[PDB]
Amino acid sequence: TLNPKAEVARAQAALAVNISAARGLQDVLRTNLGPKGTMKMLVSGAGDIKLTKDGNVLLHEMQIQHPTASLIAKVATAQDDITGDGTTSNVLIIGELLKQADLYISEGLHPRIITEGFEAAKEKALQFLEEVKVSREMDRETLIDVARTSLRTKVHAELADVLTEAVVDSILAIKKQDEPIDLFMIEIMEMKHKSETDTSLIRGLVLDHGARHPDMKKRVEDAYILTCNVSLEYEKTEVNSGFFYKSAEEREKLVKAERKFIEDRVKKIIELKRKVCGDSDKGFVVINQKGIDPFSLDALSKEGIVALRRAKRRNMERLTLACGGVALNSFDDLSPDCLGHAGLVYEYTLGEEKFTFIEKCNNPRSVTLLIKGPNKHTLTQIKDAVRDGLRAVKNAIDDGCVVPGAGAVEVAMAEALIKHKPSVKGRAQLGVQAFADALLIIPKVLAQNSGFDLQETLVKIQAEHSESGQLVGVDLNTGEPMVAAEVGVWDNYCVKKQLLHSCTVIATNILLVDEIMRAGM
Amino acid sequence: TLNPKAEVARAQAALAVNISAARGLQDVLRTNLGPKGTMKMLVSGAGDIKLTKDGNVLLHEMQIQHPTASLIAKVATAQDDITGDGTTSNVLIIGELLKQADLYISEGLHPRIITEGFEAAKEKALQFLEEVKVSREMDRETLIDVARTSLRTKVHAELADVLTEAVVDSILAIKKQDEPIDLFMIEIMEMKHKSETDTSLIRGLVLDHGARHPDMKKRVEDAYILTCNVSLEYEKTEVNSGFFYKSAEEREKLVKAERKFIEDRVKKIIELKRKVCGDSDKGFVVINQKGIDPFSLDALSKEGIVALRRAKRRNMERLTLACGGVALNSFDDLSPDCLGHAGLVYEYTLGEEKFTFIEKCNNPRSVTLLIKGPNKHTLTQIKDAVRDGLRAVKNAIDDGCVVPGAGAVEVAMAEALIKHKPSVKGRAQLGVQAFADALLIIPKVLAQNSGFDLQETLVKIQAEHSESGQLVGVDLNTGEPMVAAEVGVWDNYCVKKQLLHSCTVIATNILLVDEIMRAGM
Amino acid sequence: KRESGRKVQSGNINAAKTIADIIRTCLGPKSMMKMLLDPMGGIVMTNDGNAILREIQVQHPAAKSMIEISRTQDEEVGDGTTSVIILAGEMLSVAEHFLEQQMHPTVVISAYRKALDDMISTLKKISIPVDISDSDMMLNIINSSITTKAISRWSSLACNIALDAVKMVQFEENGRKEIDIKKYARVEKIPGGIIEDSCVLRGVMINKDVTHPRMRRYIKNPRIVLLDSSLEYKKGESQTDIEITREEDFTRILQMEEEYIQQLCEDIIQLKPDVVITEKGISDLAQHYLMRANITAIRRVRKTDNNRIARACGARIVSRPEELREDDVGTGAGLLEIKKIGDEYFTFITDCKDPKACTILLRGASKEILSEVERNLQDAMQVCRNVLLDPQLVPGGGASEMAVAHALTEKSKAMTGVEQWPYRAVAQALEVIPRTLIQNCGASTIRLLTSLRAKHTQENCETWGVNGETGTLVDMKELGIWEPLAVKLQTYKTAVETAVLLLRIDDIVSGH
């Protein structure tokens with residue numbers, strides 16, 4: 001009984017397909033959890049190789065064959081946008097909720113009752129986070145432990161010590177006046193021909209194209225930045241005229257006549273240098289974005305001027321906040337208003353290229369984090385670790401409450417839910433028991449990736465109790481119970497709050513699908 | 001890795017085969033539990049139909065195709081030989097122990113640790129059974145409740161009240177002054193051409209072969225019992241002689257000479273009758289086992305004697321203890337000291353044959369339970385219900401302690417195990433948790449056979465709690481929690497004690513089988 | 001048909017390894033069980049390593065040699081048979097140096113033979129003596145076999161049964177201290193009673209039934225006559241039967257038959273003994289003269305059974321009954337009891353003397369209990385035999401194999417040549433014994449085995465074994481797993497010799 005070119009499962013097998021898809025995806029992403037976890041390889045098919053442990057990158061970029069498992073891949077996209085961490089632990093909890101519910105559904109229990117047990121347990125678990133959150137003020141020592149916890153998972157536990165002081169000092173530079181932190185205030189740059197440990201901090205903005213000319217000053221202590229949008233290269237006639245040439249020699253006469261539009265404007269740059277602070281112990285810099293004719297580069301180099309070309313629109317806006325000079329669209333309007341101020345400006349030297357450093361700006365209200373690595377895929381791996389560590393510190397500053405890590409909260413929530421009786425119906429208790437044992441999967445997986453038994457590690461941390469509030473967690477190296485507060489392992493409150501809210505909504509909709517129908521397939 | 005003409009399973013799959021064998025056997029025998037359960041049909045292939053709910057019959061007689069499930073069938077044989085009840089609940093617990101342990105084994109837990117959890121939980125459940133049993137004295141009102149509980153499961157809930165007064169009264173008469181009770185003191189007989197509701201008590205013994213002669217007394221009020229093994233039919237020469245005959249007539253003349261030895265002994269029976277109580281209102285009975293010549297039947301019939309011949313061994317055994325007549329192997333030793341005493345002796349005429357009733361005796365130390373039914377298989381079903389009812393009352397009088405039924409004890413034991421902390425090994429609690437949820441299968445199956453929900457019934461009985469002792473059980477008709485002690489639902493103490501010992505040993509040995517090898521197969 | 005080349009030695013490894021892989025979990029008190037499928041559908045759950053390999057049909061010839069050697073081991077020692085095959089399979093389990101390294105077998109065989117002498121000298125250093133005069137120390141030694149058995153309640157009685165029986169059979173004057181259980185220690189079963197009623201009878205009990213009602217029931221000073229020949233009419237040199245078709249000749253043959261039988265029985269009763277024990281059968285005409293003398297008729301008694309009676313009551317073995325002298329008497333016997341015990345006819349020649357032999361009486365309620373008590377006392381007597389031969393114990397629970405593995409590693413540093421690689425493989429092959437004990441318990445194998453090697457490096461190798469029941473580490477001075485040295489020596493000598501025998505065969509040829 002059915003129509004041609006149509007397929008539907010009216011029985012509970014529709015749930016058996018969705019649960020089997022979640023259990024399969026659970027086993028794929030469980031091995032990369034924790035800093036001791038294995039790494040996944042991403043092959044683009046064209047020969048590119050990418051290596052990352054980030055759950056969002058693995059689900060977004062890779063393609064999943066099973067249709068239902070692709071819906072969960074879209075969940076990590078909304079999870080990473082609001083918080084930025086916990087996309088891997090999000091899938092592991094959803095896979096366990098559907099596995100624990102399958103045991104009770106096989107006994108004849110209706111899925112609607114189980115979904116009501118998740119909602120009653122969610123309101124109790126979110127209430128528990130308010131009790132164990134720590135109001136401790138953010139300082140340098142706390143941000144190091146938060147940054148180290150986030151970075152240790154994405155690296156080899158070597159660069160983590162180097163990148164820790166880089167991420168913390170980058171956010172503290174843009175933090176002041178209780179202003180909301182903006183990630184657009186920090187720009188990430190990548191460089192080749194260097195080792196991985198050469199990553200450091202840059203106080204100013206880094207530019208790609210540098211000044212190429214033998215007479216250019218290798219370093220300039222002080223100078224006034226002149227912002228210009230105008231190109232000094234060969235351009236079309238800006239007045240009423242045209243290009244008329246009867247031979248090759250006449251065409252050169254048109255070029256010499258056309259260059260006069262640039263030439264008179266180049267002397268305006270020298271006229272401005274001798275105007276404002278044209279005496280000794282002064283300097284001048286040309287940040288001009290568009291191209292510059294080589295004659296202007298040689299003419300300005302005689303006066304001790306460092307000129308730049310081929311910049312970016314976003315960089316020119318960052319340069320403005322560093323100097324304060326106003327962008328100038330016409331050289332006839334040139335005035336001192338377009339002049340800013342800057343500190344030491346020098347040129348770094350690679351084996352091939354050279355970059356310009358504006359470093360020691362007055363009030364740039366921004367910085368630049370500079371990444372160096374021997375390989376291209378290494379730069380991408382580090383860039384993914386930096387943006388992850390920045391949002392971790394950003395969430396710890398924006399929300400002054402932090403929560404312990406290493407599976408300390410999940411084990412504590414599983415104990416409180418067992419002692420909580422449902423206030424709605426008696427059959428809702430099966431939903432609480434399923435959600436209670438689901439939070440325990442996180443400390444279980446941490447034991448597998450560390451090479452330890454799943455049962456022995458869980459029993460020791462679970463049997464640990466006292467007459468006062470105590471925080472126990474899994475120690476990856478030793479395996480014995482460990483206090484997360486004493487060893488400096490912390491997480492973000494907004495991450496754990498959104499984790500419990502996301503896993504409940506997504507796992508509910510999966511159990512609410514009665515029939516899987518093919519339309520036009 | 002194996003020898004030819006054989007097969008071996010090296011991995012843990014050999015354990016999965018044994019678990020699937022118990023789960024398959026659990027689903028077959030779970031429908032016959034309780035009075036509301038269904039019935040299984042036994043087809044011997046020759047056209048014989050048998051219908052019974054007894055677990056020992058559905059196993060011992062029915063040959064199981066699967067090799068592993070045949071071992072459990074041999075366990076129920078030793079199970080019924082001790083207590084006589086609980087073979088159905090024995091298989092259901094073994095199937096659940098292997099099912100709950102499969103969840104932890106699939107997680108990488110070694111079977112030996114789970115088996116140690118069963119031993120620790122068995123001692124805790126056995127000591128908890130000590131406080132549950134009631135020491136109240138056994139009287140007629142309590143034995144009826146024990147009889148009804150045992151009979152209601154094996155019948156249609158019609159013959160129950162009919163068979164209730166038959167089982168209780170038969171046990172009380174054969175036991176006085178704390179004397180050891182034997183079920184061999186009660187005889188089971190079957191008659192046809194009568195309704196199934198005609199089952200009643202028999203004070204005496206039912207004899208197969210009666211008296212043949214027109215003048216035989218249909219009833220004799222008083223008479224003496226003379227036990228004889230002697231054959232009164234034709235016999236060879238007792239002294240030393242041979243067959244000497246000149247014709248066929250002379251050989252028949254030696255017959256009267258050989259019969260003279262027997263005919264003179266027949267007169268001795270007539271002499272003893274007239275010597276001891278040969279007057280009016282008296283009688284005499286010949287219980288002689290062997291045959292009697294028809295001519296000797298005529299001489300004894302004229303005196304008022306009811307002759308018997310062609311009896312069995314079990315008949316003469318009970319007639320010796322009931323009546324008191326001493327076995328006499330020769331009539332030369334005939335003396336009145338070997339005579340017994342009996343009450344009214346009459347032969348009830350059926351639609352086909354005639355049976356002799358020796359009833360109205362003082363202290364025969366023997367009785368009979370007469371079963372009547374329209375068909376053959378109905379007689380077999382009732383005979384099994386009687387013996388199952390006799391052992392239920394015997395165990396209740398022998399052991400003065402009785403425990404509540406209707407799944408009240410199994411639920412009470414499951415609560416004490418959860419609140420019990422491990423006394424031996426930290427990981428041994430997983431075996432205790434699996435053994436605790438396995439004791440809950442008894443109230444679950446009673447809910448399915450009653451037509452109610454499995455989950456709603458279990459939650460209500462578990463929600464019952466108070467300060468004092470509260471024991472509730474599954475009510476089949478209503479579904480609400482019901483106290484089994486108030487409504488007269490009781491079980492034997494040795495039955496619940498043996499299940500804990502049997503279900504623990506058998507479920508352990510199944511988990512201890514590492515590989516399955518073929519020897520000569 | 002046949003195999004030749006490297007396939008033979010590579011095939012002998014897989015054949016010996018497959019047989020060993022079955023019983024790997026059968027070692028230890030926590031040992032797992034097994035399942036055998038009968039051809040009719042039966043199931044045998046026994047965990048005994050001897051019964052499993054007995055019912056398994058093995059196709060490969062080397063697999064048969066593994067079983068036949070283990071069956072020979074059971075005759076000498078009823079313990080440690082499973083450990084022999086595990087070690088014999090583990091020493092051959094490393095095929096790297098056998099094939100991939102392209103080493104000649106004799107180069108590897110020379111390594112095992114040099115490692116065999118080192119494993120023997122190491123056990124004698126870590127051993128400990130034993131005082132055989134104290135029965136308390138012998139109690140904990142025998143309890144190794146008694147544990148996890150139903151005789152644990154009567155275990156205190158089971159020790160005195162095996163101890164006193166072997167001490168009687170032991171003859172220490174010869175200098176070799178030879179002990180034979182299969183003859184002098186011969187055991188029979190008695191129906192009826194309980195396990196507590198079982199005692200050690202001093203003497204030789206005969207199971208011969210009582211044919212005629214006239215016999216001596218109880219005697220204060222029995223008299224026993226031992227003679228080999230049967231009592232019968234003397235026949236010819238052949239087995240040809242006597243066929244007589246005439247009645248007059250029947251009286252001539254019957255008179256000769258009654259005369260010679262009465263003549264031999266007359267010389268037997270001249271000394272007036274209480275019993276007649278013959279090696280062969282006894283005819284019906286001879287029993288008529290035995291019942292007339294009111295003496296017990298005993299026949300079908302072997303030579304070894306008669307040799308023990310002569311040293312007990314002081315009897316003498318004579319070829320023919322006509323040559324019986326006064327030297328054959330039963331003077332000195334305690335009592336003679338033909339009384340029925342447990343619905344069976346028994347004979348007690350028991351006395352106060354020790355004729356290098358005794359008889360064990362097994363009481364019991366049912367034949368199922370008798371079969372359990374019998375086999376449990378059999379190996380217990382072999383434990384007593386192994387201790388009295390070499391009163392030295394070695395630490396068990398895997399401490400003995402690890403103590404030797406540490407000595408082989410330290411000595412291999414001074415060995416220079418290509419033989420050092422297979423010489424070190426023996427040290428790692430002995431770790432399989434403590435490995436199976438931990439795997440059966442459920443604890444992590446790698447974590448405990450690694451920490452176990454650090455204990456024998458620092459602390460003394462005589463202690464720090466592996467607890468089988470708990471799974472943790474414990475010293476063997478605080479636990480009763482101490483095992484006789486004669487068992488461990490026979491185990492290593494057999495495991496190495498069997499591994500060498502299979503490496504020496506490079507070809508399998510079929511022919512007769």
# chains A, B, ... in the order shown; residues from 1 in each chain; ligands from 1
call {"tool": "residues_around", "arguments": {"residues": "residue 340 (chain B)", "least_positions_apart": "5", "cutoff": "8 Å", "atoms": "only C-alpha atoms", "output": "list in words"}}
result
residues 224, 225, 226, 323, 324, 325 and 326 of chain B
call {"tool": "write_last_selection", "arguments": {"atoms": "C-alpha atoms", "output": "PDB file, in the first residue's frame"}}
result
ATOM      1  CA  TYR B 224     -11.912 -58.354  58.676  1.00  0.00           C
ATOM      2  CA  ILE B 225      -9.012 -58.122  56.226  1.00  0.00           C
ATOM      3  CA  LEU B 226      -6.882 -61.202  55.494  1.00  0.00           C
ATOM      4  CA  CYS B 323      -5.975 -52.459  57.138  1.00  0.00           C
ATOM      5  CA  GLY B 324      -3.227 -54.138  59.173  1.00  0.00           C
ATOM      6  CA  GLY B 325      -3.404 -57.612  57.638  1.00  0.00           C
ATOM      7  CA  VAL B 326      -0.102 -59.499  57.687  1.00  0.00           C
TER       8      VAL B 326
END
call {"tool": "interface_residues", "arguments": {"of": "chain B", "to": "chain A", "cutoff": "10 Å", "atoms": "only C-alpha atoms", "output": "list in words"}}
result
residues 104, 107, 108, 109, 426, 427, 429, 430, 453, 454, 455, 456, 458, 459, 460 and 463 of chain B
call {"tool": "write_last_selection", "arguments": {"atoms": "N, CA, C and O atoms", "output": "mmCIF file, in the first residue's frame"}}
result
data_model
loop_
_atom_site.group_PDB
_atom_site.id
_atom_site.type_symbol
_atom_site.label_atom_id
_atom_site.label_comp_id
_atom_site.auth_asym_id
_atom_site.auth_seq_id
_atom_site.Cartn_x
_atom_site.Cartn_y
_atom_site.Cartn_z
ATOM 1 N N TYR B 104 27.450 -4.233 29.993
ATOM 2 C CA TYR B 104 28.762 -3.923 30.545
ATOM 3 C C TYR B 104 29.887 -4.690 29.864
ATOM 4 O O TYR B 104 31.003 -4.168 29.758
ATOM 5 N N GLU B 107 31.198 -2.987 26.831
ATOM 6 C CA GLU B 107 32.026 -1.827 27.132
ATOM 7 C C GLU B 107 33.464 -2.201 27.471
ATOM 8 O O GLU B 107 34.268 -1.308 27.761
ATOM 9 N N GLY B 108 33.803 -3.487 27.445
ATOM 10 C CA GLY B 108 35.156 -3.919 27.731
ATOM 11 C C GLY B 108 35.385 -4.465 29.121
ATOM 12 O O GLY B 108 36.543 -4.640 29.516
ATOM 13 N N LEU B 109 34.325 -4.739 29.876
ATOM 14 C CA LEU B 109 34.455 -5.264 31.228
ATOM 15 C C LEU B 109 34.564 -6.782 31.194
ATOM 16 O O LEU B 109 33.816 -7.457 30.480
ATOM 17 N N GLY B 426 35.583 -2.423 44.127
ATOM 18 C CA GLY B 426 34.968 -1.193 43.657
ATOM 19 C C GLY B 426 34.179 -1.387 42.377
ATOM 20 O O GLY B 426 33.091 -0.833 42.212
ATOM 21 N N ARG B 427 34.720 -2.181 41.451
ATOM 22 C CA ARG B 427 34.026 -2.461 40.200
ATOM 23 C C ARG B 427 33.016 -3.594 40.319
ATOM 24 O O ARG B 427 32.352 -3.914 39.327
ATOM 25 N N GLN B 429 30.305 -3.432 41.878
ATOM 26 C CA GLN B 429 28.966 -2.867 41.971
ATOM 27 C C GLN B 429 28.203 -2.960 40.656
ATOM 28 O O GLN B 429 26.969 -2.922 40.669
ATOM 29 N N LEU B 430 28.906 -3.076 39.527
ATOM 30 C CA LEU B 430 28.219 -3.238 38.250
ATOM 31 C C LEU B 430 27.479 -4.568 38.194
ATOM 32 O O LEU B 430 26.386 -4.656 37.622
ATOM 33 N N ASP B 453 0.265 -2.028 31.297
ATOM 34 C CA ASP B 453 1.549 -1.479 30.887
ATOM 35 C C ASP B 453 2.661 -1.995 31.790
ATOM 36 O O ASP B 453 2.469 -2.188 32.994
ATOM 37 N N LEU B 454 3.836 -2.219 31.198
ATOM 38 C CA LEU B 454 4.962 -2.730 31.972
ATOM 39 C C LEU B 454 5.580 -1.647 32.847
ATOM 40 O O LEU B 454 5.944 -1.916 33.997
ATOM 41 N N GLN B 455 5.706 -0.426 32.329
ATOM 42 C CA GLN B 455 6.355 0.652 33.064
ATOM 43 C C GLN B 455 5.466 1.241 34.152
ATOM 44 O O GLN B 455 5.929 1.451 35.279
ATOM 45 N N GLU B 456 4.197 1.516 33.840
ATOM 46 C CA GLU B 456 3.317 2.160 34.811
ATOM 47 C C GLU B 456 3.094 1.278 36.034
ATOM 48 O O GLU B 456 2.964 1.781 37.156
ATOM 49 N N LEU B 458 5.244 -0.944 37.313
ATOM 50 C CA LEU B 458 6.449 -1.028 38.128
ATOM 51 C C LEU B 458 6.709 0.262 38.896
ATOM 52 O O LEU B 458 7.189 0.217 40.034
ATOM 53 N N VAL B 459 6.400 1.414 38.299
ATOM 54 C CA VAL B 459 6.655 2.683 38.975
ATOM 55 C C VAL B 459 5.770 2.839 40.208
ATOM 56 O O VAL B 459 6.220 3.362 41.234
ATOM 57 N N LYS B 460 4.519 2.382 40.140
ATOM 58 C CA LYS B 460 3.606 2.554 41.266
ATOM 59 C C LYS B 460 4.044 1.725 42.467
ATOM 60 O O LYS B 460 4.048 2.213 43.603
ATOM 61 N N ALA B 463 7.030 3.200 44.060
ATOM 62 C CA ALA B 463 6.793 4.484 44.709
ATOM 63 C C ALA B 463 6.215 4.330 46.109
ATOM 64 O O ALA B 463 6.099 5.327 46.828
#
call {"tool": "residues_around", "arguments": {"residues": "residue 144 (chain C)", "least_positions_apart": "2", "cutoff": "10 Å", "atoms": "only C-alpha atoms", "output": "list in words"}}
result
residues 29, 139, 140, 141, 142, 146, 147, 148, 380, 383, 480, 481, 482 and 483 of chain C
call {"tool": "write_last_selection", "arguments": {"atoms": "C-alpha atoms", "output": "JSON list (two decimals), in the first residue's frame"}}
result
[["chain", "number", "residue", "atom", "x", "y", "z"],
["C", 29, "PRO", "CA", 42.22, -20.78, 40.41],
["C", 139, "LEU", "CA", 49.31, -28.97, 55.55],
["C", 140, "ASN", "CA", 49.56, -25.64, 53.72],
["C", 141, "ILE", "CA", 51.49, -27.32, 50.90],
["C", 142, "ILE", "CA", 48.78, -29.90, 50.22],
["C", 146, "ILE", "CA", 42.53, -29.05, 48.23],
["C", 147, "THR", "CA", 41.39, -25.45, 47.71],
["C", 148, "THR", "CA", 38.22, -24.79, 45.68],
["C", 380, "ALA", "CA", 47.54, -35.07, 47.18],
["C", 383, "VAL", "CA", 52.34, -33.89, 46.29],
["C", 480, "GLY", "CA", 50.76, -20.55, 50.57],
["C", 481, "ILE", "CA", 51.49, -20.82, 46.85],
["C", 482, "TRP", "CA", 54.93, -22.34, 47.58],
["C", 483, "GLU", "CA", 55.38, -25.28, 45.20]]
call {"tool": "closest_residue", "arguments": {"among": "C:1, C:167, C:447, C:220", "to": "residue 335 (chain C)", "atoms": "only C-alpha atoms"}}
result
C:220
call {"tool": "interface_residues", "arguments": {"of": "chain B", "to": "chain C", "cutoff": "10 Å", "atoms": "only C-alpha atoms", "output": "MDAnalysis selection string"}}
result
chainID B and resid 1:8 10 14 65:68 70:71 109:113 425 509:521
call {"tool": "residues_around", "arguments": {"residues": "residue 109 (chain C)", "least_positions_apart": "3", "cutoff": "8 Å", "atoms": "only C-alpha atoms", "output": "PyMOL selection string"}}
result
chain C and resi 105-106+112-113+500+503
call {"tool": "write_last_selection", "arguments": {"atoms": "N, CA and C atoms", "output": "PDB file, in the first residue's frame"}}
result
ATOM      1  N   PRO C 105      68.726 -24.071  12.480  1.00  0.00           N
ATOM      2  CA  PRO C 105      68.104 -24.581  13.714  1.00  0.00           C
ATOM      3  C   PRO C 105      69.099 -24.984  14.789  1.00  0.00           C
ATOM      4  N   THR C 106      70.210 -25.629  14.421  1.00  0.00           N
ATOM      5  CA  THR C 106      71.176 -26.065  15.425  1.00  0.00           C
ATOM      6  C   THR C 106      71.776 -24.888  16.182  1.00  0.00           C
ATOM      7  N   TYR C 112      68.851 -22.900  23.432  1.00  0.00           N
ATOM      8  CA  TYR C 112      67.929 -23.430  24.431  1.00  0.00           C
ATOM      9  C   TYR C 112      68.638 -24.378  25.390  1.00  0.00           C
ATOM     10  N   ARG C 113      69.542 -25.213  24.875  1.00  0.00           N
ATOM     11  CA  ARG C 113      70.256 -26.154  25.729  1.00  0.00           C
ATOM     12  C   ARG C 113      71.181 -25.447  26.711  1.00  0.00           C
ATOM     13  N   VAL C 500      62.661 -28.466  21.501  1.00  0.00           N
ATOM     14  CA  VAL C 500      63.808 -28.854  20.686  1.00  0.00           C
ATOM     15  C   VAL C 500      63.437 -29.982  19.732  1.00  0.00           C
ATOM     16  N   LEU C 503      61.760 -28.659  16.611  1.00  0.00           N
ATOM     17  CA  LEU C 503      62.619 -27.887  15.720  1.00  0.00           C
ATOM     18  C   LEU C 503      63.570 -28.782  14.937  1.00  0.00           C
TER      19      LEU C 503
END
call {"tool": "residues_around", "arguments": {"residues": "residue 441 (chain A)", "least_positions_apart": "2", "cutoff": "8 Å", "atoms": "only C-alpha atoms", "output": "list in words"}}
result
residues 92, 93, 96, 437, 438, 439, 443, 444 and 445 of chain A
call {"tool": "select_by_dssp", "arguments": {"residues": "region 24-155 of chain B", "states": "strand (DSSP E or B)", "output": "ChimeraX atom specification"}}
result
/B:40-43,49-52,134
call {"tool": "atom_distance", "arguments": {"atom1": "CA of residue 493 (chain C)", "atom2": "CA of residue 71 (chain C)"}}
result
15.5 Å
call {"tool": "residues_around", "arguments": {"residues": "region 150-155 of chain C", "least_positions_apart": "4", "cutoff": "12 Å", "atoms": "only C-alpha atoms", "output": "VMD selection string"}}
result
chain C and resid 139 to 146 159 to 162 194 to 199 364 368 to 377 380
call {"tool": "atom_distance", "arguments": {"atom1": "CA of residue 432 (chain C)", "atom2": "CA of residue 88 (chain C)"}}
result
10.9 Å
call {"tool": "residues_around", "arguments": {"residues": "region 382-387 of chain A", "least_positions_apart": "3", "cutoff": "8 Å", "atoms": "only C-alpha atoms", "output": "number ranges by chain"}}
result
A: 151, 154-155, 163, 167, 188, 371, 378-379, 390-391
call {"tool": "decode", "arguments": {"residues": "region 85-96 of chain B", "atoms": "N, CA, C and O atoms", "output": "compact mmCIF listing (two decimals), in the first residue's frame"}}
result
# COMPACT_ATOMS: atom_id res chain seq x y z
N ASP B 85 8.54 -25.87 42.82
CA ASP B 85 7.91 -24.70 42.22
C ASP B 85 8.98 -23.67 41.92
O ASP B 85 10.04 -23.65 42.55
N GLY B 86 8.69 -22.80 40.95
CA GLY B 86 9.61 -21.75 40.57
C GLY B 86 10.46 -22.03 39.36
O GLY B 86 11.45 -21.32 39.14
N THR B 87 10.12 -23.05 38.56
CA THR B 87 10.91 -23.34 37.37
C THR B 87 10.74 -22.26 36.31
O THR B 87 11.66 -21.99 35.54
N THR B 88 9.56 -21.64 36.26
CA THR B 88 9.33 -20.58 35.27
C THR B 88 10.07 -19.31 35.65
O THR B 88 10.72 -18.68 34.80
N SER B 89 10.00 -18.91 36.92
CA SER B 89 10.72 -17.72 37.36
C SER B 89 12.22 -17.95 37.38
O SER B 89 12.99 -16.98 37.43
N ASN B 90 12.66 -19.21 37.34
CA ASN B 90 14.10 -19.49 37.32
C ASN B 90 14.71 -19.10 35.98
O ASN B 90 15.77 -18.48 35.92
N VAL B 91 14.04 -19.46 34.88
CA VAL B 91 14.57 -19.17 33.55
C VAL B 91 14.50 -17.67 33.26
O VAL B 91 15.39 -17.11 32.61
N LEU B 92 13.45 -17.00 33.74
CA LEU B 92 13.29 -15.58 33.47
C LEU B 92 14.40 -14.75 34.11
O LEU B 92 14.84 -13.75 33.54
N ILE B 93 14.87 -15.16 35.29
CA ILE B 93 15.94 -14.42 35.95
C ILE B 93 17.27 -14.67 35.26
O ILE B 93 18.08 -13.75 35.09
N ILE B 94 17.53 -15.92 34.85
CA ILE B 94 18.78 -16.23 34.17
C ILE B 94 18.88 -15.47 32.86
O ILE B 94 19.96 -14.98 32.49
N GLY B 95 17.77 -15.35 32.14
CA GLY B 95 17.79 -14.61 30.88
C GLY B 95 18.07 -13.14 31.07
O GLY B 95 18.72 -12.51 30.23
N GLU B 96 17.59 -12.56 32.17
CA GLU B 96 17.81 -11.14 32.42
C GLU B 96 19.22 -10.86 32.95
O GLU B 96 19.80 -9.82 32.62
